[PDB]
Amino acid sequence: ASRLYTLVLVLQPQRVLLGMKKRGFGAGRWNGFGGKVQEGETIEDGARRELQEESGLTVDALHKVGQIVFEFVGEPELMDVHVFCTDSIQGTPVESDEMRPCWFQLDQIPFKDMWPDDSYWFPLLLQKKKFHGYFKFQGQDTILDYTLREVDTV
Ligand SMILES: Nc1nc(SCCc2ccccc2)c2[nH]cnc2n1
């Protein structure tokens, strides 16, 4: 029992783009751009769709960099999140109803105002390593169990 989601990180040589989530799931935390994958689109098409909806950006190419599975206590469906990276983007990011975008220097990442699992795997993304992760949550703040490894194929 699982459902597909996407997450996109725009990572340039000296900065990374994050959005402050204004409503819905994860509101009040900085994150990459993404959401549910729809019927009739590929996983990559869904990532591009969410990036455009939430920031206005389009891209030449997306690269697969990780997979993370989330379990929330008392929720029947696991979340299967496919994580993508890009350097080159097309456009200037703008605010949407869902997200307020800002650039961050790579030594000033706001981990205290991010999902707690990001402190574990985001460092691997910044180091350009591919990864598989699993995190079990009780509510939105408490990690009960986790696994994390580097992989050769995402
Ligand atoms: N960084 C991060 N992201 C997510 S969900 C990302 C994808 C998403 C899904 C549904 C609505 C909008 C966005 C997380 N969940 C639990 N820990 C987490 N960490």
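Each ligand, and each atom within it, is numbered from 1 in the order the structure gives. Sequence positions, counted from 1, serve as the residue numbers for this chain. Note that these values count all heavy atoms, side chains included, but never hydrogens, waters or copies made by symmetry.
- Checking only distances, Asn31 does come within under 3.5 Å of ligand 1, N or O to N or O.
- Taking a cut-off of under 4.0 Å to the non-hydrogen atoms of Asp118, the atoms of ligand 1 that pass are 1 (N), 2 (C), 19 (N).
- Atoms of ligand 1 lying under 4.0 Å from at least one heavy atom of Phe70, given by number and element, are 14 (C), 15 (N), 16 (C), 17 (N), 18 (C), 19 (N).
- Residue pairs that meet the ring-ring contact (aromatic ring centres under 6.0 Å, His included) test with at least one member in residues 27-51, sequence neighbours left out, are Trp30-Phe104.
- Residue-level proximity to ligand 1 for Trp121 is carried by the side chain, the only part with a heavy atom below 4.0 angstrom.
- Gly34 O, 3.8 Å is the protein heavy atom nearest to atom 12 (C) of ligand 1.
- Residues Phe137 and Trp115 bring their aromatic ring centres within 6.0 Å.
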Exercise. Would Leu125 and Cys85 satisfy side-chain contact (heavy atoms from CB on, under 4.5 Å), going step by step from the backbone distance to the final call?
Worked result: CA-CA 8 Å; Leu125 179 136; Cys85 261; 3.6 Å; yes

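- Partner of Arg29 under the salt bridge (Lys or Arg N to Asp or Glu O under 4.0 Å) criterion, out of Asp141, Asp118, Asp113: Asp141 alone.
- The shortest contact between atom 17 (N) of ligand 1 and any protein heavy atom is with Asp117 OD1, 2.8 Å.
- Listed by number with element, the atoms of ligand 1 under 4.0 Å from a non-hydrogen atom of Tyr5 are 9 (C), 10 (C).
- In this structure, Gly26 does not count as a contact residue of ligand 1, since none of its heavy atoms falls inside 4.0 Å of the ligand.
- Contacts of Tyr134 classified as ring pair (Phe, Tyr, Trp, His ring centres under 6.0 Å), with partners at least two apart in sequence or in another chain: none.
- Counting only heavy atoms of the protein, atom 5 (S) of ligand 1 lies nearest to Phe25 CE2, 3.9 Å.
- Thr6 and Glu50 form no side-chain donor-acceptor contact under 3.5 Å, judged by distance and modelled atom types alone.
- Ligand 1 is approached by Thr6 to a heavy-atom distance shorter than 4.0 Å.
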